[PDB]
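For neighbour counting, all protein chains shown are included, and Cβ atoms are generated from backbone atoms with ideal geometry for every residue, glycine included. The values are calculated or read from the model by the stated rules, or taken from the named source; no laboratory read-out is quoted.
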Protein chains: 2
Amino acid sequence: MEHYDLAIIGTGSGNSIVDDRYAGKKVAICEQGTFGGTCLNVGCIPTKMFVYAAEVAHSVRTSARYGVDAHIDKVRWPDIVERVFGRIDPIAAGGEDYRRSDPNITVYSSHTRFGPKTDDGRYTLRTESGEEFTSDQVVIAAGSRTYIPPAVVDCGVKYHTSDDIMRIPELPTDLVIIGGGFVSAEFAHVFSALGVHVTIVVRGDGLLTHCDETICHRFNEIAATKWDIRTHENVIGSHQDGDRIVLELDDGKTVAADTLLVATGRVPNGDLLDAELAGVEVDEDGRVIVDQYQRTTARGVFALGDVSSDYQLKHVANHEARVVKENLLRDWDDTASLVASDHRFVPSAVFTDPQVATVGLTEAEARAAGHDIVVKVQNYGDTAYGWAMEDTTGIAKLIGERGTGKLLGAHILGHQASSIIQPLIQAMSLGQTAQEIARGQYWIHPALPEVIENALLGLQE
Amino acid sequence: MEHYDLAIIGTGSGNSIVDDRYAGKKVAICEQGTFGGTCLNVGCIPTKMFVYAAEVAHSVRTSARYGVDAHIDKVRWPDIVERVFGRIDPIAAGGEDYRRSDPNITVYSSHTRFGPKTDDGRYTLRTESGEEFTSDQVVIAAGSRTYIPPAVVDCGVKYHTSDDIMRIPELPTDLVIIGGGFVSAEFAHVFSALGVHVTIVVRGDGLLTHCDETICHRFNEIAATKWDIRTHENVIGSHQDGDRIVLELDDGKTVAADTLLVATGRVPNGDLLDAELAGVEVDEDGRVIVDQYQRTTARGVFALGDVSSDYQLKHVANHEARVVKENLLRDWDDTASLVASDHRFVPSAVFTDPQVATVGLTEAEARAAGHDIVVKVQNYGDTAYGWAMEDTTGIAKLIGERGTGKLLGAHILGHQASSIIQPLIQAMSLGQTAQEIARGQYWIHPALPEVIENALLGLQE
């Protein structure tokens, strides 16, 4: 019989768990699909890669705006796909040899359930891969999986999410997109920059109704002038009609396009473990119960982001991986000095046209929290940039508590959003105020971040 | 003869100093070139404006690397120039009435100069503009003035600096550029992106020998391949030969090109004021002497910016104007509440191909300060930005003191250098330690600012 000291499933951040410290144990990291979890092969890392191809293919489109003329000539879609996913296929087969070919660890193939605890209290793990093995401690990453509404299970039309549409063999002539959220808004810009009309069919009223209000506003009012935005219009079902896919719409007006897309949201993958038997709560989501220290209800076993966090992102996953790989040594005894995850302020970034990056709380949140607010919206304009790009619609909305000047969540759309929210992230996370950032440091001028200046300067303080 | 409560020489930042507070006094100003100083009319706002047109004209050139095809098609040089200077011609004569006619002030013309103090100790100021008036306090902005070596008085060939080469009627077919002193080599990229061979002729050894050593190195060793870089070889004399100008070199290398450029450096403007009579020392440079509080040697009179400071930039000029506009009221008595400028770290940004941004001290300087250092080189590469863009040549130099994990100057070159040094600028200003900044906050994954991540992570701590 085989038995390890520590086990892992997903390796989004689960490959970061293996460190020194242990260095002399038996470890298994049974990964089911490509080593890297959801991070490198399907989720965060593989995205944002096509984005630069799209950004060049968009700057050529907008070249006329800057006294420049440029032609698309030809689109090397095969070369773009091989440049993106020809980079992460051998590297994927690299973090796997880390824990297969190399000694004190051994990894197997897909499937990793849970089994009844042994009489001596150890954790049982089951592969449907003709094998069963127990261990002492097992941490679960198991990434996340995109979710398709029943409209696809009533037909069988070929569907694509973030998992596969980046490796589609051909560039469509006309594309359908459904979903208003994180996973769906990137491909709209990414593809439309490469010469395809996309047809957005959401389930609410507009795109991404779970972000900033005064950012949803001016993202709707630029997405309308590029993509076909159908509002509610709940897709009732689909029926293929030869070539060209046609979905049936809530108001009868059936919509047609070449290729399909879905990705309305994600769900964690804790259910597939049947942890109900091993005394672990999963709670419908797949989220798997944890706490501050990512500690579940069973001993020695833990979980990480996506599968468990309240943010399905890799930075929170890395902090949770930090506390996981650290807490298997500072035993569950001392709830102090056991090191807890940072589940305060986190940034989210959706790279579309234009980019968007948010952090902290929105106006609705702080108004529901009872504080009086000094919100400002700085136009990507009055800076010495703005006019250099003829940027008319880019904005950075910054929220701060009055009296003291405590910034509480920024929301920026326009050129350079992620590398502009980062000063605001730094100020947010560790006891920085607002004026401090404003007139306590130089802003190079005419550097891009100058917006923050007029974003912070004009506040109450 | 007249006497005012406040006088000014130049309104580069002089339009911002008179900022309420007084609101009910008599104020006089003196403009020689154009109301608005060098920022709005010649310096910061321009130069960097054409840069985005050039950067689009460079992304088209590099599109081939990313499975993209794009054409140079057309350069709308007249439309670019009118798009640039259609912003600073009416606004210059708009922000000027802001501080000249309305609502209780009077400003005069021509170059002004100090005159002998009156018997009651008041400052006399002389405009060659027929009229003369004195005052009680006078601030000197006088920006900075471009400097041409004697190399031009031995020829008479048409020469261009930052003042005018952006408003040249046509775009040359082959261009020569001289000057390596002040951070001038922006126009090299700006023009070469628009289809003209530029010929750099320095006076030292390489381009801009007053920057970081291991950055001058890897910037010269890409500028050699993109632009025609002629090393040292002091031109001295010149002789124009029709359209294409040919300079005669001491070593025989006659250089040829259509249009010329002259950006070897700038010098402060204290000499032309003959302020020597009104008791203010004009040091060797021609500069205006001040100190922490921007306090010169005569009372009530002050100076700010490049005309007096040791930094020829507009952000430091605006901070010095910030302290100035307040210190004209808090008399020299309380030197503790007379408030001082922040003259530690200052950021510089040179917008070329690619951009570059520096802050604090370089490695040589910090070695001259006696600290043992934990320098890191991030390489701008294995991060997800360079991983998606095949970014090979961008770099980030981070300097830090050992033991505690301090910091002594960041230096970043690449696509996004100005808007990435700003988190590092904020970290510099207020005692954040490398350890704190690294994993004490979230950094968006996958996103450009991840470059800072492994720049801080891969350290002694």
### Which listed residue is away from every other protein chain (no Cβ under 14 Å), touching a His at 6+ places or on another chain (Cβ under 9 Å) and either buried (at least 21 other Cβ atoms within 10 Å of the Cβ) or not in a loop (DSSP other than H, G, I, E, B) (or both), from A:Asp285, A:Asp353
A:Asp353
### Options B:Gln432, B:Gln426; residue that is under 24 Å from B:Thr352 (Cα atoms) and among the polar types (S, T, N, Q)
B:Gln426
#### Entry: Residues being within 13 Å of chain A (Cβ to nearest Cβ) and either touching a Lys or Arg at 6+ places or on another chain (Cβ under 6 Å) or among the aromatic types (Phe, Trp, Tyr) (or both) - total across region B:20-73
7
### Task
Need at least 2 residues that are polar (S, T, N, Q) per element, so show me which strands (runs of 3 or more DSSP E) inside region B:124-239 make the cut, counting only ones lying wholly within it.
B:132-140, B:144-147
#### Entry: Single unsatisfied condition, B:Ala7 versus (1) within 20 Å of the chain's Cα centre (by Cα); (2) surrounded by 24 or more Cβ atoms within 10 Å (Cβ to Cβ)
(1)
### Message
Being touching a helix residue (DSSP H, G or I) at 6+ places or on another chain (Cβ under 9 Å), surrounded by 14 or more Cβ atoms within 10 Å (Cβ to Cβ) and among the polar types (S, T, N, Q) narrows it down to one residue among B:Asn234, B:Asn220; which is it?
### Response
B:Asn234
### Task
Determine whether region A:157-168 contains at least one residue that is over 24 Å from A:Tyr311 (Cα atoms), surrounded by fewer than 15 Cβ atoms within 10 Å (Cβ to Cβ) and not assigned by TED's automatic domain parsing to the domain that holds A:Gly409.
yes
### Query
Given region A:360-461, what helices (runs of 4 or more DSSP H) lie entirely inside it while holding 3 or more residues that are hydrophobic (A, V, I, L, M, F, W, C) and more than 8 Å from chain B (Cβ to nearest Cβ)?
A:363-368, A:450-457
